[PDB]
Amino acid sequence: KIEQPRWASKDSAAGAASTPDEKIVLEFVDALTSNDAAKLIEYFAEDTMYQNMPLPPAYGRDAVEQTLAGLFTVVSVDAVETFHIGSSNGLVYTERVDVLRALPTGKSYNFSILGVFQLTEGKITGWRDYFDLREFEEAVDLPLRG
């Protein structure tokens, strides 16, 4: 169970989302715990992009779907706590924690993430997450390509 950090602001809290794009993005990252690439790909536009910085990016719906599906066969996303959400110039930001459990070891990892999203007509045109990948290699049972 994760605690509220000292620097958490109430003015930008998750429960205070107040634009459509923010409400879509908060819904999306909460759906992460479904662990289901079929459900999740429906949120994306055909011309789109997804990257865990600075690993090789995925461009286009097929590549995004394939990479999501590959993640969910080696790792479970158990929790996603969003501390901040906000938006500006057509972009949306989430300051959050994701909890990943390695399916072959059962070990659990807390990742502190700051993510940026771009939407066109309610659909995801880009999604980049920033975090420390030091434990990411051990946590995902897949060769890092970068």
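One rule holds for the numbers: they count along the sequence shown, beginning at 1.
Chemist: Mind pulling up the entry and telling me whether 24-32 or 48-56 has the higher mean Cα temperature factor?
Modeler: The entry gives the higher C-alpha B-factor average to 24-32.
Chemist: Of 102-110 and 39-47, which one has the bigger average CA B-factor?
Modeler: It is 39-47 that shows the higher mean C-alpha B-factor.
Chemist: Among all modelled residues of this chain, ranked by Cα B factor, put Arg128 in the bottom, middle or top third, i.e. lowest, middle or highest.
Modeler: For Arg128, the deposited C-alpha B-factor lands in the lowest third.
Chemist: Which third of the chain holds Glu121 when residues are ordered by C-alpha B factor: lowest, middle or highest?
Modeler: Highest third, going by the recorded CA B-factors of the chain.
Chemist: What third of its chain, lowest, middle or highest, does the C-alpha temperature factor of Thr94 fall into?
Modeler: It falls in the bottom third of the chain.
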